[PDB]
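Reading through the C-alpha cells given below for one structure.
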Amino acid sequence: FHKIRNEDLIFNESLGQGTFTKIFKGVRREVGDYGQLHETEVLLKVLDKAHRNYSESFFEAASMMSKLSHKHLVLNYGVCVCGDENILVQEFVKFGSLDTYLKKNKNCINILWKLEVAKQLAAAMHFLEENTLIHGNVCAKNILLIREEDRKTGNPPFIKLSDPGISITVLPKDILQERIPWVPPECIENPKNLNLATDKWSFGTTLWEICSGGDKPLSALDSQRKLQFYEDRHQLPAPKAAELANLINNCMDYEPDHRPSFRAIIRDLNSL
C-alpha cells in the first residue's frame, strides 16, 4: 500500500463505524496527473487505537484485494500510518452502502434493478474466485453504489464490492456469532475453515438483503438463537419478492462443497 502523509488528509464528518473502526468522509491533497494539484474526496477508515493489535488483519485482505484491479472492486488509494494512526484511504463513493440505499429507496427498486446488482456482484465474485482470492465478508453493507439507475438514459445502477475489514479468522467468537447468517456454518464451527466456499454462502445472504429492502436476516434472533438456527439446519425465508429465492438457498448450502461456482451462479442469473 502507498503511504499517505497525515498532513495531506483532512478529516470531516463521521459516516458511522465498522468492527473496531470509525469511518469518516475526508479530503486528500495530492499531486495528480500532469502535476495538477487536487483536493480529492476520500473515505477514511480508522482502526480504533484500543484495537491496534488488529492492524495487520485490518490492512491484509484489503491489500491483497488491491493487488488486483477490477471495475467492480473498490479503489484503495493507500494507508496513513503516521503517528499512532492506522487509516485506510479509499475512494469516496457518492451513494454509500447498498443496505442503507435499499431501505431508503425500497419503493423505487424493482426486480430488474435487483437482478442487475446481483449480476454485478456475481461478476466481482467470479473474478475473485478465478484468482482464488477469498473476500471473507460479503454483505450489503460492503457493497457501494457508484451510480444510480437512470431509466431516461438506459443506464443501469453500478456497484463495487468494498474491503472485508478485519478477518473473521481473528475476530472474537461473539462477533462471529452476531454475524450469522453471513458467516457460514463451517466458520462458526471453526473460523479457520474460511475458504472460497465461504464467499458463496455469504453471497446468498447478500442476495437475500438485496431482495429484502435492506432488512437484516435473522435480526430478531439473539446470538444464542442464531447458533441454534445453524444447528437445526434452517434456511432463510424467501423474500416477499422471491425471484432469487432458489438461488439464495442454493448458495446457502450447509455442504460447502455443493455450493455452486460463480460461473454457474452467473448462468442462473442470466436465465432469469
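Every residue, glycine as well, gets a Cβ built from its backbone with ideal geometry; the counts of neighbours run over all protein chains shown. Nothing in this text is a laboratory measurement; each read-out follows from the coordinates by a stated rule.
Structure notes:
- Listing 227, 145 from fewest to most neighbouring C-beta atoms within 10 Å gives 227, 145.
- Length gained on full extension, residue 111 to residue 271, computed as 0.36 nm times the residue gap minus the Cα-Cα distance: 56.2 nm.
- Charge tally in the Cβ shell below 13 Å around residue 48, where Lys, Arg are +1 and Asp, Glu are -1, residue 48 excluded: +2
- Label-point gap, in nm, between residue 33 and residue 50 - each point 7 angstrom along Cα→Cβ: 4.5
- The order of 63, 212, going from fewest to most other C-beta atoms within 10 Å of their C-beta, is 63, 212.
- The chain - mean residue ellipticity at 222 nm from DSSP helices (-39,500 (n - 2.57) per run, n ≥ 4, rounded to 500): -10000 deg cm²/dmol
- Seen through its C-alpha gyration tensor, with square-root eigenvalues sorted a ≥ b ≥ c, the stretch 173-235 comes out oblate because a/c lies at 1.5 or above while a/b is not bigger than b/c.
- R0 of 22 Å, Cβ-Cβ distance residue 17-residue 70: FRET efficiency to nearest 0.05: 0.20
- Helical segments meeting 18 Å axial Cα length and Kyte-Doolittle -1.0 threshold in the chain (DSSP H): 111-130, 196-211
- Inter-label distance, residue 8 to residue 222: 4.9 nm, where each label sits 7 Å from its Cα along the C-beta direction.
- Charge dipole magnitude, Cβ of K and R +1, D and E -1 - the chain, Cα centre, debye nearest 20: 500
- Relative contact order [Cα under 8 Å, 6+ residues apart], the chain, whole percent: 17
- Cα-Cα over 22 Å, subset of 94/152; 94/240; 104/173; 49/94: 94/240; 104/173; 49/94
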